[PDB]
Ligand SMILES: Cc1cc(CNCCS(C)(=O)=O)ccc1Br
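We begin with a single chain expressed as structure tokens, specifically the form solved without the named molecule.
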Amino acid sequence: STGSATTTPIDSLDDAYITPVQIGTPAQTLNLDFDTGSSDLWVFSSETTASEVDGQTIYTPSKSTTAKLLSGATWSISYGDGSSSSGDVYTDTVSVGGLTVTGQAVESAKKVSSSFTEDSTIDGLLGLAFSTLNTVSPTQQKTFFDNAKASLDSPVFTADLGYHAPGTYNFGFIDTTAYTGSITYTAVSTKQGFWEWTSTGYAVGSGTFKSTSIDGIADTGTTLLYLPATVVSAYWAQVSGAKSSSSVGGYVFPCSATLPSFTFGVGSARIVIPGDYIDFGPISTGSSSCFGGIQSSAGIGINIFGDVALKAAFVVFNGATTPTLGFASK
């Protein structure tokens, strides 16, 4: 089997991407944030505290003939941005892009933090990291990918995120029309439950490439590119008037600037992030200070190749017995 679904930016900045997902029978379509940095499929639901719902579409298990309470199971998750959610668990039929899993754990939110409530466009998350990170207790649950894997034509999914445009998540096949050149594969460590890999270095603009190992994760659920302070300083030093602002919470730059590109290494291959991908616009409405898309990871504990980096590539998440990542230009 295979699946193919379009993923759409939630706003003009590509802050996140939503993908429609069918849950239950008859189908209830929710727009989920596919997150390769977490491993829970959770949704706004008929159980979510009413004051914490503001425009999201909810899953109502009582209206699904295939929903079953997963008795005794609870979940609770906290994300890198300080957001959180928790609740109970149903199993139900879940389809993505024509690929169907029966018996998928669908984590029904009873509580969500303010950032979720305030984002009306995101109806929940669909985690695509390794199932060792799933938070369901007392019986850990599998991701949609892990449950689909054995049925897929190839044990892979691909992320093809757009810049200010829709893109695609494919499951079970690699669309050889969706990228240019060849795919370079690189080793993955699953030790922390993430798609963790080591970049071979970077360049700023037309500068020379610096060969240096940068361990980090491929995370579709993180907007920005978070790298070591040395690398980030080197990038923003090439932008007149850029500075790190403790009041704003990262590097800002004059909105009048033209940003340089940023290149990262994948083995001997190179992925180039155009400068415009690194512009996240005014810090507040009407400001002439703009927020940068490359930020320091120093206060995180991990480097994160988030959407800024991933949307410059066609990315293969190879879930074979020995997982690997692949990157191609596009």
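Numbers follow the displayed sequence, beginning with 1.
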Exercise for the section: Name the higher of the two by mean Cα B-factor in the PDB entry, 303 to 311 versus 317 to 325. Expected result: 317 to 325
Practice task
Check the entry's C-alpha temperature factors for 55 to 63 and 32 to 40, then say which stretch has the higher mean.
Solution key: 55 to 63
Completion exercise
Per the deposited entry, the peak Cα B-factor within the set 84, 199, 230, 222 goes to 84
Exercise for the section: Specify which of 258, 95, 170, 143 carries the largest Cα B factor in the deposited PDB entry. Expected result: 258
Problem - CA B-factor ranking of residue 124, expressed as a third of its chain - result: lowest
Problem - Entry-reported Cα temperature factor of residue 152, expressed as the chain third it lands in - result: highest
Fill in the blank from the handout: By the entry's values, the third containing the CA B factor of residue 226 is the lowest
Fill in the blank from the handout: Split the chain's modelled residues into thirds by Cα B-factor; residue 8 lands in the middle
Fill in the blank from the handout: Quick tally, chain-level thirds of C-alpha B-factors: residue 209 sits in the highest
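The form solved in complex with the named molecule is left out here; the points below concern that form.
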Exercise for the section: Identify which of 216, 221, 172, 260 has a heavy atom within 4.5 Å of the named molecule in the entry with it bound; exactly one of them does. Expected result: 221
Handout entry: Three-residue site 33, 83 and 115 fully in contact with the named molecule in the entry with it bound at 4.5 Å by heavy atom
Key = yes
Handout entry: 4.5 Å heavy atom contact, residue 203 and the named molecule in the entry with it bound
Key = no
Exercise for the section: Examine residue 271 and determine whether its closest non-hydrogen atom to the named molecule in the entry with it bound is within 4.5 angstroms. Expected result: no
Exercise for the section: Please check if residue 125 has a heavy atom lying within 4.5 Å of any heavy atom of the named molecule in the entry with it bound. Expected result: yes
Exercise for the section: Indicate whether residue 79 is a 4.5 Å heavy atom neighbour of the named molecule in the entry with it bound. Expected result: yes
Completion exercise
Looking in the entry with it bound, the residues of 282 to 312 with a heavy atom no more than 4.5 Å from the named molecule, listed in order, are 304
